[PDB]
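# Remarks on the overall topology
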Amino acid sequence: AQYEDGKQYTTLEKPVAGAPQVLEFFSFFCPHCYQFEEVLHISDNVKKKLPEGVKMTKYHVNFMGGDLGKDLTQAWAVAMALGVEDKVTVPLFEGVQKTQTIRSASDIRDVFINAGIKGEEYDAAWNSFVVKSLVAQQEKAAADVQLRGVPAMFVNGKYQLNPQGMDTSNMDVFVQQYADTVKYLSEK
């Protein structure tokens, strides 16, 4: 075929019922994730090709960066609750991997303050039970699919993108092939 299990994607040996339609995992410590976000704009190009009515979900993971890694998952929970994903994603990546000015929860907080979220609003979210359960959700979804690596994308809790099996000679071609694969998997 043109799309083959084990080539552009793999199939989960045990599928996850009730999973989000398009599910993406990342870490702000993850170098390919930085590329995926900053250089390739994967999430965005996948969305542009997804059919009408498909929701896109993106979660942070704990297994990179130890203590700060967990801080970052709670902060991403705060970002999701407040709806400010688009204003903090880039400074968080650059703060962790480019400038290396993020070393503590307080430095993570600074990124949100500088992005214009009010201190009081951030600290209130940070400590809220709604954020606690959003953390729980992020962990549960990663736990459900055996997750040991990022970046990772899952479609309908049954298919996992396999970017290793696509060509990287051209960055634009890589992205399109990636997005088309998600669309194909979506329609399956």
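As annotated in the PDB entry, the chain carries the name Thiol:disulfide interchange protein and is attributed to Escherichia coli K-12.

This part is about the overall build of the chain. From N to C terminus, the chain includes eight helices and five strands. In the chain, the succession of α and β elements from N to C terminus is β-β-α-α-β-α-α-α-α-α-β-β-α. In terms of overall dimensions, the chain is globule-like: its C-alpha atoms have a radius of gyration of 17 Å, near the 16 Å expected for 188 residues. A burial count over the chain gives 43% of its 188 residues as buried. In the chain, 74% of the contacts between residues at least 6 apart in sequence involve partners at least 24 apart. About 10,000 Å² of surface is accessible on the chain, with carbon and sulfur atoms providing 49% of the total.

A two-sided burial pattern is seen for strand β4 (residues 152–155), the buried positions comprising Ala 152 and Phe 154 on one face and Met 153 and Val 155 on the other. As judged from the four bridges shared by strand β2 (residues 22–26) and β4, these two strands associate in the antiparallel manner. The residue bridging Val 22 from the neighbouring strand is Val 155, located in β4. Where β4 and strand β5 (residues 159–161) come together, two bridges link them in antiparallel fashion. By the bridge assignment, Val 155 is partnered in β5 with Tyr 159. Here β4 folds back onto β5, and the loop between the two strands holds three residues, one of which, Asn 156, carries a positive phi near 55 degrees.

Parameters at a glance
Residues numbered from 1 in each chain as written, not as in the entry; some residues may be left out. Heavy atoms only, no water. Helix = DSSP H or I, 4+ residues; strand = E, 2+ residues; numbered from the N terminus. Rg over C-alpha atoms; globule rule 2.2 N^0.38 Å. Buried < 20%, exposed > 50% of the residue type's maximum accessible area, 1.4 Å probe, protein only. Contact = heavy atoms within 4.5 Å. Areas by Shrake-Rupley, 256 points an atom, 1.4 Å probe, with all protein chains shown as cover. Pairing = 2+ DSSP bridges.

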